[PDB]
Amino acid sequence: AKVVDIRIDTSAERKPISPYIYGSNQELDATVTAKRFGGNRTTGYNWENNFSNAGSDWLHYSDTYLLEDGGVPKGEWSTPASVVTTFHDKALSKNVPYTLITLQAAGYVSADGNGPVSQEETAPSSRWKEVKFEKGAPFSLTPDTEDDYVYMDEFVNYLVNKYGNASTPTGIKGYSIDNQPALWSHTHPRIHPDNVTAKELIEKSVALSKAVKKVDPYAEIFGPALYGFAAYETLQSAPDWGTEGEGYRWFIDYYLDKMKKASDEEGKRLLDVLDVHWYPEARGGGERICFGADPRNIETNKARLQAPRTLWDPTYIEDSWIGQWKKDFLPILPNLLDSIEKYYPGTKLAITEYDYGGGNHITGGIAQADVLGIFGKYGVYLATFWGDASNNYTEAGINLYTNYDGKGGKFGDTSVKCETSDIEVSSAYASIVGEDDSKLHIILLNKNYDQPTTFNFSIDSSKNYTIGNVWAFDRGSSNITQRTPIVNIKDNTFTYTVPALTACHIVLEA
């Protein structure tokens, strides 16, 4: 019999949970609170004609994938930024509060959709148009597809026009400075063959932020969208990190420091959100927990259930080069947040890309649930998952927070102290709505693989809870079903045993 005590103090550690941590990049069979238009294809995207390059993902084709994959109407395929408007209309039509858009920064964008771009056609060539941030002239809601340029600030304008600015309801709140620059020369060699440098990146960002913050002072700028650890530390061995990184624990500090400095010189904040991508290197059972990992492998599934700990748990060492050789930077969330504090306070933090694998397995769903619990508890501002609708259990973890009863029910927005006696076998997050603890929401995850877990809840609230309804999903179905309610609460205390590998959302009320 595995017994664990859960302790909650509805009046301690009260912190708001950003509503934007529950987002996605792809369209999911779930309720998400933010949609991001980013990733490899977005780097060479041309708003004037909607053409883009698959880069190395696929023979360097310039084509209409984004119009196809986006579900755009062939009528609009020629309409400027149709791809992005279609993207935002769909978003708005689902009452999704936040739309992040990626702006082109690598330097060039598809001039056509004629297909393959020969190495000989490496930019600049007739296959591309040169991207420029500021137009230095009057914008036109009818861009000139014939010139040799594409203006980013004019791009925002076309948008801020159609939807109003970032302060308006229907407006687009965020803009990202491209996608994974440290990998530009790997993913888009036909656009930026040389390895981006620390100076170049900082320089282009500042340029782009200003260009944009003059078309919409209220818009939020995300950056740099680093693909993974290597870019966090040295911008993937940037050619000038040796000189630039002088006296910097890692590139993250450097970026935050220079963006800050630049912001002081400009007289206004240029960096709104530090944006990084996080794909667990956490290994188990021979393979990595994500990127095509086999759910038959019980050892990897078990490694996945513990992987989330790397985000906050200072006592957890995952099996990976990062756990093995990067302990000075783990847990990663505290370190990233810790860095924001030293070189640019007030700066938000977003994990615009992440996937813990097992998307169609119970553990994929518990990990996702646990990850979402961590983002809210540590102040993450926005998070958009990467993966499609086949990930039924991942979609399950998200709904546990955004729509657990199928009718719009959701986790509270104010996190409260909530401790577990055994973090290895379980996880628990608790919240209330605003400053009112009349209803205490609790996410309770039983990581015990094949044996049940009994939980002893002792809550310290101003209210007396007499009932506790339950919703949950498990190895039985990725569908969240209501369960028998808790009714024997004595002085805000009860015992609830939960089946193996189960994720539930409890809701207590007086």
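Numbers for residues come from their place in the sequence shown, where the first is 1.
Participant: Which is higher in the entry, the mean Cα B factor of 248 to 256 or that of 402 to 410?
Facilitator: Higher mean C-alpha B-factor in the PDB entry: 248 to 256.
Participant: Looking only at CA atoms, which has the higher mean B factor in the entry: 217 to 225 or 288 to 296?
Facilitator: Comparing 217 to 225 with 288 to 296, the higher average CA B-factor belongs to 288 to 296.
Participant: Between 435, 338, 120, 355, which one tops the list for C-alpha B-factor in the PDB entry?
Facilitator: If I rank 435, 338, 120, 355 by C-alpha B-factor, first place goes to 338.
Participant: Could you tell me which one of 391, 176, 157, 415 shows the highest CA temperature factor in the PDB record?
Facilitator: Top of the list by C-alpha B-factor: 157.
Participant: Using the B-factors in the PDB entry, rank residue 483's C-alpha atom against the chain and give the third, lowest, middle or highest.
Facilitator: Ranked within chain, residue 483 CA B lands in the middle tercile.
Participant: Just say lowest, middle or highest third for the CA B-factor of residue 384 relative to the other modelled residues in its chain.
Facilitator: Answer is lowest: the recorded C-alpha B-factor places it there.
Participant: Taking only the Cα B-factors deposited for this chain, tell me whether residue 375 sits in the lowest, middle or highest third.
Facilitator: For residue 375, whose C-alpha B-factor we compare with every modelled residue in the chain, the answer is the lowest third.
Participant: Please say which third, lowest, middle or highest, residue 452 falls into when its CA temperature factor is compared across its chain.
Facilitator: Highest third - that is where residue 452 ends up once the chain's C-alpha B-factors are sorted.
Participant: Relative to the other modelled residues of the same chain, rank the CA B-factor of residue 99 and answer lowest, middle or highest third.
Facilitator: Answer is lowest: the recorded C-alpha B-factor places it there.
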